[PDB]
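# Secondary and tertiary structure notes
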Amino acid sequence: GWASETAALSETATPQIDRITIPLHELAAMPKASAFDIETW
Amino acid sequence: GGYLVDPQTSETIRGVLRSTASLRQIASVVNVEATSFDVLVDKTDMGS
């Protein structure tokens, strides 16, 4: 606030915090393989 | 005297110029003697 010359001046305000969670999932692929080098490809 | 005069021919047989844009400049050419050529594509993809 803008304080007055003669006043209380008590406990203006304080930010309320918030925690945002990042669940860190996983992304899975499973293909089967049965010149082409398909293995590396 | 008409037999004594002979016209002079050109130096080279010239022809009509025709365009040389052939889609071979942008497409992909391969040097393949084999009676054919195969290519291998993935019409779809895997899944994750």
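The numbering scheme restarts from 1 for each chain and tracks the written sequence of that chain rather than necessarily the entry's numbering. Residues without coordinates are not displayed. Chain A is the first chain written and ligand 1 is the first ligand written, with later ones labelled in order. In this entry, the chains presented are a subset of a larger assembly, and the associated values cover only that subset. Hydrogen atoms and water are omitted, and side-chain values are computed over all heavy atoms in the structure.

- As summarised from the PDB record, the model derives from cryo-EM at a stated resolution of 3.42 Å.

## A short note on the overall build of chain B
- In terms of regular secondary structure, chain B is built from zero helices and zero strands.
- The C-alpha extent of chain B, read off along each of the three principal axes, is 95 × 25 × 10 Å.
- Working definition of accessibility: Shrake-Rupley area with a 1.4 Å probe, residue cover restricted to the visible protein chains. Surface exposure of chain B reaches about 5700 Å², of which carbon and sulfur atoms provide 55%.
- In this tally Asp and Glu are treated as negative and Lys and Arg as positive; neither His nor the chain ends contributes. Charge placement uses NZ in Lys and CZ in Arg. For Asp and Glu, CG and CD serve respectively. The distance from the centre of the 4 positive side-chain charges to the centre of the 6 negative ones in chain B is 9 Å. In this description a helix means any DSSP run of H or I spanning at least four residues, a strand means any run of E spanning at least two, and both kinds are numbered starting from the N terminus.

## Observations concerning the overall build of chain A
- Helix and strand content of chain A: zero helices and zero strands.
- Here chain A holds 41 residues, and the buried ones make up 0% of them.
- For chain A, the accessible area works out to roughly 5300 Å², and carbon and sulfur atoms hold 57% of it. Three labels apply to residues, based on accessible area from a 1.4 Å probe with only protein chains included: buried if under 20% of the type maximum, exposed if over 50%, partly exposed otherwise in between.

## What about the interface of chain B and chain A?
- Contact definition: two residues touch when any of their heavy atoms are within 4.5 Å. Contact with chain B, which involves five residues of that partner, is made by six residues of chain A.
- Simply put, the buried area is the total loss of 1.4 Å probe accessible area from both parts when two parts are fitted together. For the chain B and chain A pair, buried surface summed over both sides reaches about 380 Å², with 73% attributable to carbon and sulfur atoms.
- Per-residue buried area on chain B facing chain A is highest for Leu40, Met46 and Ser48 of chain B; these three make up 74% of the total on that side.
- Counted as salt bridges are all cases of a side-chain nitrogen of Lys or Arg within 4 Å of a carboxyl oxygen of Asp or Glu. On the surface where chain B and chain A come into contact, there are zero salt bridges.
- In protein, a polar contact means a hydrogen-donor-capable atom and an acceptor-capable atom, both N or O and within 3.5 Å, with residues adjacent in sequence counting only if both atoms are side-chain atoms; elsewhere, any N or O pair within 3.5 Å suffices. Taken together, chain B and chain A are joined by zero residue pairs in polar contact.
- Here the term charged refers only to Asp, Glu, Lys and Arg, the term nonpolar to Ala, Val, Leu, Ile, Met, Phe, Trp, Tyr, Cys and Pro, and the term polar to all other amino acids, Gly among them. Across the side of chain B that touches chain A, the residue classes break down as two nonpolar, two polar and one charged.

## Overview of unusual backbone geometry
Residue and element names in this part refer to chain A.
- Positioned with a positive phi, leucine 9 is a non-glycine residue whose angle comes to about 60 degrees.
- On the basis of relative accessibility, which here comes to 69%, the residue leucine 9 falls in the exposed class.
- Even without being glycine, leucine 24 reaches a positive phi, approximately 55 degrees.
- On the basis of relative accessible area, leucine 24 is assigned to the exposed category, the value being 73%.

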